[PDB]
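Participant: Pasting a structure here, questions to come.
What follows is calculated from the coordinates using simple rules that are stated; it is not laboratory data. Every residue, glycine among them, receives a Cβ derived from its backbone with ideal geometry; neighbour counts consider all protein chains shown.
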Amino acid sequence: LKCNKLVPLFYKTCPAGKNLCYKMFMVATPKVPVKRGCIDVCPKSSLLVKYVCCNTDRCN
């Protein structure tokens, strides 16, 4: 299981069971996140925190 890499060129890998590709950014910047890797359970978004996570191969 691997997920998109912060850069739209390569991708990161995820341990067995982790098929959620997470992308962490500040709600203020929707399409300009700072990190994108693998997650198995997405955290909780708040006033200034947004973790996007999808359960597929390379989906963040």
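Participant: Going through 6, 20 one at a time, which residue ends up being in contact with an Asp or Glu (Cβ under 7 Å, 6 or more places away or on another chain) and surrounded by 11 or more Cβ atoms within 10 Å (Cβ to Cβ)?
Facilitator: Matching residue, one of 6, 20: 20.
Participant: Which residues, counting only those in segment 20-38, are part of a loop (DSSP other than H, G, I, E, B) and either touching a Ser or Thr at 6+ places or on another chain (Cβ under 7 Å) or within 16 Å of residue 3 (Cα to Cα) (or both)?
Facilitator: Going through segment 20-38, the residues part of a loop (DSSP other than H, G, I, E, B) turn out to be 26-34.
Listed by number, the residues that qualify are 33, 34.
Participant: Among the candidates 52, 7, which residue alone is among the β-branched types (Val, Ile, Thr), outside any loop (DSSP other than H, G, I, E, B) and at negative phi? Lay out the reasoning, then the answer.
Facilitator: Working: 7 fails: outside any loop (DSSP other than H, G, I, E, B).
Just a single option satisfies the conditions, and that option is 52.
Participant: Looking only at residues that are within 18 Å of residue 18 (Cβ to Cβ) and not hydrophobic (A, V, I, L, M, F, W, C) in segment 45-60, which one is surrounded by the most Cβ atoms within 10 Å (Cβ to Cβ)? Full working, then the answer.
Facilitator: Of segment 45-60, the ones within 18 Å of residue 18 (Cβ to Cβ) are 51-60.
If we keep only those that are not hydrophobic (A, V, I, L, M, F, W, C) too, we end up with 51, 55-58, 60.
On the way: 51: 19, 55: 13, 56: 11, 57: 13, 58: 15, 60: 24.
Residue satisfying both the conditions and the ranking: 60.
Participant: As an exercise: evaluate residue 41 against (1) over 12 Å from residue 55 (Cα atoms); (2) part of a loop (DSSP other than H, G, I, E, B) and give the number of the one condition it does not meet.
Facilitator: (1)
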